[PDB]
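# Descriptive analysis of the structure
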Amino acid sequence: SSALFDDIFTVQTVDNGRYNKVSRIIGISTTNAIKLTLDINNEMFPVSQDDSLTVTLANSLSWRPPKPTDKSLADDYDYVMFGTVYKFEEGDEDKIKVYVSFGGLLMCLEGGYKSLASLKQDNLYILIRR
Amino acid sequence: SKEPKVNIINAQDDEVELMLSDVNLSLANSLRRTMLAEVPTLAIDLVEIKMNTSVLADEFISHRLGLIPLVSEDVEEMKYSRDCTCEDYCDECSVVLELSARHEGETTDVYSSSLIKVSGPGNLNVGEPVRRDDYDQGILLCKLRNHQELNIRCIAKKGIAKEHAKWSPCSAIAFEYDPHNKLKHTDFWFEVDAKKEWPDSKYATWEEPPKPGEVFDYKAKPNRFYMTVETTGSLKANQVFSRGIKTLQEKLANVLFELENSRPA
Amino acid sequence: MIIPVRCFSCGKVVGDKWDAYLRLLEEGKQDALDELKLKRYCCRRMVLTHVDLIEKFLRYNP
Amino acid sequence: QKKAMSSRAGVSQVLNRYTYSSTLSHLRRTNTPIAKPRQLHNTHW
Amino acid sequence: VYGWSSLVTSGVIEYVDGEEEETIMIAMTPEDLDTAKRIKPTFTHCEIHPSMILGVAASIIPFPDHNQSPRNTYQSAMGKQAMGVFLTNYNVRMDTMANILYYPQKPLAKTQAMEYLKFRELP
Amino acid sequence: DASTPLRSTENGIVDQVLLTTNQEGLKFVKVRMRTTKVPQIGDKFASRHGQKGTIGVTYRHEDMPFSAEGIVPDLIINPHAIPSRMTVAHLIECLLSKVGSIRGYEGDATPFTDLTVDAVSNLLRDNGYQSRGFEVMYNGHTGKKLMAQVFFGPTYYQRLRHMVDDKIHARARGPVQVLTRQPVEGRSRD
Amino acid sequence: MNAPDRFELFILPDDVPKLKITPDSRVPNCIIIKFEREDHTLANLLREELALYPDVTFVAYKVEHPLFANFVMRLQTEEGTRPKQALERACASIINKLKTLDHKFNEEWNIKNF
Amino acid sequence: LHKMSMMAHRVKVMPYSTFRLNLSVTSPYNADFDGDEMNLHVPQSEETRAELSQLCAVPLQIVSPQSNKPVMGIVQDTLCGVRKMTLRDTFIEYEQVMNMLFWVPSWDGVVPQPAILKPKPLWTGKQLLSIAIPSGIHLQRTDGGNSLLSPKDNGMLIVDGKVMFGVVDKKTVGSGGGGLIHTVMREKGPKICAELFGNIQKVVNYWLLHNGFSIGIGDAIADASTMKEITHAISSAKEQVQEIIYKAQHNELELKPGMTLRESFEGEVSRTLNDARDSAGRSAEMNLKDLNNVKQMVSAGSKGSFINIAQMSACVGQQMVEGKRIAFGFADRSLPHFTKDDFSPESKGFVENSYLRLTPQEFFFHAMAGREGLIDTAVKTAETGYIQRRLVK
Amino acid sequence: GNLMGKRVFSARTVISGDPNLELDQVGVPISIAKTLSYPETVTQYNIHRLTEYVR
Ligand SMILES: [Zn+2]
Ligand SMILES: [Zn+2]
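Residues numbered from 1 in each chain as written, not as in the entry; some residues may be left out. Chains lettered and ligands numbered in written order. Part of a larger assembly, values for the part shown. Heavy atoms only, no water. Residues with missing side-chain atoms left out of burial classes, pairs and counts.

### Concerning the overall build of chain B
Check the secondary structure of chain B and you find 4 helices and 11 strands. A globule of 265 residues ought to have a C-alpha radius of gyration of about 18 Å, yet chain B, at 24 Å, is considerably larger. Over its C-alpha atoms, taken along the principal directions, chain B stretches across nearly 75 × 60 × 30 Å. (Helix = DSSP H or I, 4+ residues; strand = E, 2+ residues; numbered from the N terminus. Rg over C-alpha atoms; globule rule 2.2 N^0.38 Å.)

### Side note on the overall build of chain H
Across its full length, chain H carries 15 helices and 12 strands. The globule rule puts the C-alpha radius of gyration for 393 residues at 21 Å, and the 27 Å found for chain H is more than 25% above it. The principal-axis extents of the C-alpha atoms in chain H amount to approximately 80 × 65 × 45 Å.

### Comments concerning the UniProt feature "binding site: Zn(2+) 1" (unreviewed entry) in chain B
Residues and elements named next belong to chain B. Under the UniProt annotation, "binding site: Zn(2+) 1" (unreviewed entry) lies at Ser 81, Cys 86 and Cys 93. Position of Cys 86 relative to the elements: it lies in the loop between α2 (58-67) and β5 (95-97). If we ignore the near neighbours within four places in the chain, the residues touching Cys 93 are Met 78, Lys 79, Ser 81, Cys 84, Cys 86, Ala 156 and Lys 157. (UniProt positions renumbered as here; feature names shortened; annotations may be inferred. Contact = heavy atoms within 4.5 Å.)

### Quick notes on the packing of aromatic side chains
Taking 5.4 Å as the distance between ring centres and 85 degrees as the angle between the ring planes, the aromatic pair formed by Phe45(A) and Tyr79(A) counts as edge-to-face. Note on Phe35(G) and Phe71(G): the rings are 4.2 Å apart at their centroids and 15 degrees apart in plane angle, and the pair reads as stacked. Placement of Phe35(G) in strand β2 (residues 30-36) and of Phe71(G) in strand β4 (residues 70-77) is noted, with a sequence separation of 36 residues between them. Of the aromatic side chains, those joined through ring pairs into one cluster are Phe175(B), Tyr177(B), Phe225(B), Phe66(F) and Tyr138(F). In this arrangement the basic side chain of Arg129(A) is found over the ring face of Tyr77(A), its NZ or CZ atom lying 4.8 Å from the centre. The ring centre of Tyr80(B) lies 4.3 Å from the NZ or CZ of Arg82(B), which sits over that ring. (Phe/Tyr/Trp six-rings, centres within 6.5 Å; stacked < 30°, edge-to-face > 60°. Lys NZ or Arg CZ within 6 Å of the ring centre and 35° of its normal.)

### Observations regarding the UniProt feature "binding site: Zn(2+) 3" (unreviewed entry) in chain B
As recorded in UniProt, the sites labelled "binding site: Zn(2+) 3" (unreviewed entry) are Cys84(B), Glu92(B) and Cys93(B). With respect to the element layout, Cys84(B) can be found in the loop between α2 and β5.

### Regarding unusual backbone geometry
In this structure, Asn29(G) is a non-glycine residue whose phi angle is positive, near 50 degrees. Within the secondary structure layout, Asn29(G) lies in the loop between β1 (19-23) and β2. The backbone of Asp332(H) shows a phi angle near 55 degrees, a positive value even though the residue is not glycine. Among the secondary structure elements, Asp332(H) is positioned in the loop between β11 (317-318) and α13 (345-348).

### Focus: the environment of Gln51(F)
Looking at where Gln51(F) falls in the secondary structure, it is placed in the loop between β3 (44-46) and β4 (52-54). Expressed as a C-alpha distance, the spacing of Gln51(F) and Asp108(F), which sit 57 residues apart in the sequence, is 20 Å. Sequence-distant contacts of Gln51(F), defined by excluding residues within four places in its chain, comprise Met78(E), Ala46(F), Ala81(F), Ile82(F), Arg85(F), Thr87(F), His90(F) and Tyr157(F). Only 2.9 Å separates the side chain of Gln51(F) from the backbone oxygen of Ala81(F), close enough to count as a polar contact. (Polar contact = N/O pair within 3.5 Å; in protein donor to acceptor, adjacent residues only side chain to side chain.)

### A look at the sheet that holds β4(G)
All names here are of chain G. The 4 strands lie next to each other as β1-β2-β4-β3, forming an open sheet whose pairing is antiparallel. Single-partner strands in this sheet number two, and they are β1 and β3 (56-62). Strand-to-strand twist of the sheet, defined as the mean angle between neighbouring strand axes without regard to direction, takes the value 20 degrees. With 6 bridges joining them, β3 and β4 adopt antiparallel strand pairing. Residue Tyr 61 lies in a different strand from β4, and its bridge partner there is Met 73. Of the strands in this sheet, β1, β2, β3 and β4 touch helix α2 (residues 83-110), which is tilted by about 110 degrees from β4. (Pairing = 2+ DSSP bridges. Axes fitted to C-alpha atoms, helices over the stretch in contact; angles between N-to-C directions.)

### Considerations on the arrangement of the chains
Nothing in chain A touches chain D; the tightest C-alpha to C-alpha distance between them is still 48 Å. With no contact formed, the shortest span from any C-alpha in chain A to any C-alpha in chain E equals 30 Å.

### As for the pattern of salt bridges
Here the idea is simple: oppositely charged side chains can pair when their charged atoms come close. Taking the shortest distance from any N to any O, the salt bridge between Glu191(B) and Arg132(F) comes out at 3.1 Å. Of this pair, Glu191(B) sits in the loop between β10 (173-176) and α3 (194-197) while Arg132(F) sits in the loop between α2 (117-127) and β6 (135-138), placing the two residues on different chains. Among the charged side chains, a salt-bridge network with shared partners connects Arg24(A), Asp39(A), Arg88(H), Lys126(H) and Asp153(H). (Salt bridge = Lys/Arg side-chain N within 4 Å of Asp/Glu carboxyl O.)

### Comments concerning the domain arrangement of chain B
All names here are of chain B. In terms of domain boundaries, chain B breaks down into domain 1 (3-40 + 166-263) and domain 2 (41-165). Domain 1 and domain 2 are separated by 34 Å when their C-alpha centres are compared. Taken together, the 14 residues of domain 1 in the interface contact 23 residues of domain 2. Residues of the side of domain 1 that touches domain 2, tallied by class, amount to 7 nonpolar, 4 polar and 3 charged. (Domains from an automatic or database assignment. Nonpolar A, V, L, I, M, F, W, Y, C, P; charged D, E, K, R; others polar.)

### Points about the interface of chain I and chain G
Facing the 4 residues of chain I at the interface are 4 residues of chain G. By residue class, the composition of the side of chain I that touches chain G is 1 nonpolar, 2 polar and 1 charged.

### Concerning the interface of chain F and chain E
Counting residues at the interface gives 44 residues for chain F and 43 residues for chain E. Counting only elements with at least two residues in the side of chain F that touches chain E, the list comes to β1 (13-20), β2 (28-34), α1 (89-103) and β5 (107-108) of chain F. Among the residues forming the side of chain F that touches chain E, the class breakdown is 14 nonpolar, 18 polar and 12 charged. With 2 bridges joining them, strand β3 (residues 109-110) of chain E and β5(F) adopt parallel strand pairing. Across the sheet, residue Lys110(E) finds its bridge partner in β5(F), namely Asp108(F).

### Digging into the sheet that holds strand β8 (residues 139-140) of chain H
Residue and element names in this part refer to chain H. Ordered in space as β8-β9-β10, the 3 strands form an open sheet in which the pairing is antiparallel. Of all strands in the sheet, those bounded by a partner on one side alone are β8 and β10 (162-165). With 2 bridges connecting them, β8 and strand β9 (residues 157-159) associate as antiparallel partners. Following the sheet pairing, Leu 139 is matched in β9 by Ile 158.

### Some details on the packing of helix α3 (residues 41-48) of chain C against α1(F)
Each pair of packed helices can be summarised by the angle the axes make with each other and by the distance between the axes. The interhelical angle for the contact between α3(C) and α1(F), taken along N-to-C directions, is 75 degrees, at an axis separation of 8 Å. Compared by their axis directions, α3(C) and α1(F) come out roughly perpendicular. Contacts between α3(C) and α1(F) involve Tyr41(C), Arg44(C) and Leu48(C) from the first element and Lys98(F), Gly100(F), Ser101(F) and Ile102(F) from the second. (Parallel < 35°, antiparallel > 145°, perpendicular 65-115°, else oblique.)

### So, the packing of helix α7 (residues 180-188) of chain H against helix α8 (residues 190-211) of chain H
All names here are of chain H. Interaxial distance between α7 and α8 falls to 7 Å at its minimum, and their mutual angle equals 145 degrees. Only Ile 192, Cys 193, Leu 196 and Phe 197 of α8 make contact with α7, whose side of the interface consists of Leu 180, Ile 181, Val 184, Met 185 and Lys 188. When its residues are assigned to classes, the contact of α7 with α8 shows 8 nonpolar, no polar and 1 charged.

### Here we look at the environment of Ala172(F)
On the secondary structure map, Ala172(F) appears in the segment after β8 (169-171). Separated by 140 residues in sequence, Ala172(F) and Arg32(F) have C-alpha atoms that sit 32 Å apart. Not counting chain neighbours up to four residues away, the residues in contact with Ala172(F) comprise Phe9(I), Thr35(I) and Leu36(I).

### Some remarks on the environment of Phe19(H)
Position of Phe19(H) among the secondary structure elements: in strand β2 (residues 18-19). Discounting chain neighbours no more than four positions away, the residues touching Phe19(H) are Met38(H), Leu40(H), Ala11(I), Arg12(I), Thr13(I), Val14(I), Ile15(I), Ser16(I), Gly27(I), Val28(I), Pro29(I) and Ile32(I).

### Some details on the pairing of strand β7 (residues 145-150) of chain F
All names here are of chain F. Pairing between β6 and β7: 3 bridges, direction antiparallel. Bridged to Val 136 within β7 is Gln 149. Taken together, β6 and the strand that follows it, β7, pair antiparallel across an intervening segment of 6 residues, in which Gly 143 is found at a positive phi of about 85 degrees.

### Regarding the side chain of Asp65(E)
Summarising the element assignment, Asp65(E) is placed in the loop between β2 (45-46) and α3 (69-78). Here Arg38(E) takes part through its side chain, which lies 3.0 Å from a polar atom of the side chain of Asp65(E). Discounting chain neighbours no more than four positions away, the residues touching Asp65(E) are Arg38(E), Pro111(F), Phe112(F) and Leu358(H).

What follows is the structure, encoded as structure tokens:
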């Protein structure tokens, strides 16, 4: 029931290759080697080049409707997708990169410091803010 | 007054434009079709031809009369031949009509006006050859020459549009909502510009324009529907809406009633 | 082959409208449909396409 | 007739009456007693 | 008093069999010979009208000059199998099988040729 | 007996009987039977473009998809019968005829003339609807608009003969042949 | 020839209840209601007003096949709350909404001159 | 002519006068509904029946021994739509994601966690379409620029029986080799896979019922300037012909060994018009957006191809019989409307026009060309059957 | 003509596909089912149902 990632990146660019409602964006990390590739709903959450977003992951807080108005809300963000990750690739050196697909939305992460944080399970909630 | 609300626009005798707001499309639509198909009416159903020298065949005319619009005001205080305890038919559930046409005027025409009402109306608005024609003989049944005769005898009954189209009093019904595609319940086809190539609807003036600077609203739902209820006669454009609103209700009722009949046991 | 009572497509009556139409032509020399109250093409096509055979059939003897 | 069936059947048929354009067509028809003939030649224009 | 017999008795039109055809030069459009229309590319005779190279069948087909030819060839057959009115006296005819479409309807679109195929009166 | 029986698959109403002489002074008598035949979930139809097809089902007005105007289709053919058939004029007759519908003027489709798709489309924009035919439609079951638009427009359709009920045939041990003793041929003779 | 008699689209035939309710084993607290002689007109309307009782955990409906005028409605609710009830309620909420409608359309009408 | 031209079916008595068969079992018999009729036989012994259900059941037939691949896939509507529903842009909300899960009969009775929760809780086709795919179904693809994050959303990857990435169409659900069907049959069995159809169907067909889809002249018209860019690709192509005709009417060309000076003339004219026509269409192909319905019906793989678009929006093509452009039936000419010895393309049968927009000449040649076609489709039809019959006896 | 192939409990009509029929089904017009039969021997498992079908 813990978090598995926290880091702010900066939109290097936003791509809409023939998609009226979705854009695959990329951005590097502000701390370290860490790049980010992510598809996203430009309609629900607009985003242009050069933005300060905070990306998170982890597993926790059938599928109940709302009613949770009076319940947990690990939604302290403005975009929360659920999906699964498929391949665990190694890009030379000891640099790793996991691939996450959200029921149709692909994603790639890169770096090397979640050697005991990012698991190989299906669980995975993406979060973003500001 | 309360929940959903109406705001009639220009309304006449054969139409009833109006805006229905504060309702779920789901429910608007439901009412939509209910008018189109399940309001009790009154049409000729049984035809007992005696003589017929017309160039048209028996069942061809038979069809014709099935379509001729009859009165259906107090149609609700009549019973379905299926429930009436009378073998076949009677005054308490049917309207009988006569039709005699002798060719005398050396092309004589047969208009729905030429129908008699041989059975006892029991003093209730019903069984009348709805005429809206300028002269006074709406619906030309058929023509005949020199000495061609034609004797019928019609029997009208309740029934609905499900059972047959010859019933539903609706006949075309306009329905639109959110003229400015804000809900994005559509993806406009286009060669270059959707907006310029796609006709703007006369309905766009009772709702506010898009406004570019605004992002896509998502939490918004289909509220408000611009309609128009045309009528063919039988029932007054107003009723063809009321009664509709009501039958749908009667059904929603038994679903709750039928329910009860199943708790005791 | 006579006029069709009510339009197939939508349902609006149209039996009476025959003579009115075939008249607004011969005389008033006329659009006709539009004034006869036949809006949307469904019913429009109804009248504007009828070929009244009954006339010729009627030209036969007994 | 006779022991002479060595004739050709087809000449004279039963005039079509399904539709008007059916009948017209039928009268304006041609035959040809039996890969090149079936072709639409130029001369056919 | 000006038939087709006169259009011929004045040398304004000629009857060209297939053989004689060989040695003449025929002009299509009498006149002529927009980014929409179809691109168009000694004369002795001109064509009454190209849309006359068609026979009864195709004559009822709308824009036969816009379909895959093999299709036109099909409709060319199905027409002889639709319903309508084959005569008006039908009510005094004792023939096995015959069908009449309750209510006919001349088409919303037509061939100028239909005018001689009495099609508008027998859809 | 030499009396005549109404064909087993048939039925209707007598429409005209008549007695008559023969060259040989014999008694000639023909009988005519009538029947109204209604279109059924199987009967064949087609336009004038080799666009033949049969009925798969029949829905009503409610169930039917529709356009704001009210106007609803009488027929719904599949967009798939267009791409490989290539018969485009079909598509054109519709457009043109959707104008001739509104304009009252006869729409000429005649062969090689001076009428174009670009032209008709302009005439259709003067009347009110999309310049290409397409119209918005709301799904007859839910009322919600259709994410797409449709090529809705009046087209001529011939009702080819060949109705199901003249073909439907089923047998289990019926009239056996004589020489062979096998069944007999044809649905008419069972 | 093989087509039913029209009146089979609304009349219940020999011993048949509008409703037949069956418990669903697939998941807990769930049911499938068979509505006889009905359609979207009434189905979708009931389906709808149930995603309104945020106390209903599930609600979809369907027409098995178009030849037959019937339809199945599946409902699942929160703990110790019977769906049948939620069906009643969501069903009643429906009539009221319409009761109001009828009324609001009648006073409105009278105020017309044409 | 197939082991599959006859198959055992489960009987379902229904109303209305007609045999109602499933779509996916269409291509085996090779039927359509334009009037086609079907014969039905009824077993009579207790074993006769068994023999019919244990070896001739439709489910057993899914993988055809003649081409060691299935022989029944998802056709028309179901195919075409399954494609749309898959795109990253395709999203569905609760109200419908529910009525969709309901239509899948095997549904576990569990709504899968939304592919989106943030503002609005939505799902994507890829998600729900997947509820139809049984557990343990592993599928991997790779088209062109396809790599574990398929940019153009190519390829296909399904793990544990859930679509991970890529769009679904003819390639992934057709009567093809890798075929998700071919795989589900092999991995789960005749039964499980046979059910798979109905589901993938029921969900999709339903969805399409609501998303709608159509086609109209509008799908066949080319951009304002493209229709021009083409015209002059025929003009220039016309001169690259007038040019080699001048250079032939001067004996200024050598005979490519083995060919006649004349034949070699054709060989170029033909190769000139063909390459012309080839791009004429290709200009429009890339000129039809990802919204053009006709295009859509081609990508899905449910009907028609490039060629088709071409002949309808660009150039119809060159007509031909017996392999050579419209002959000289009339001494030294195509039609009497032509000057003798005209070897050009406007005479030999090259229809430069598009269906959307043929000239008499073009229109005619074209006919003479098709006429040859119709011919063998009406000859090879029974001679092929003889050759067949022999092999059998 | 008569031995290597003969006319044979069979029926034939017009097909139209139905998108709500399991892959392996085949909708048969009531009319036809009421025509084609099937010789099922009486057995103490189906006597009850058969005596009903017979009535
Ligand atoms: Zn009574
Ligand atoms: Zn109408």
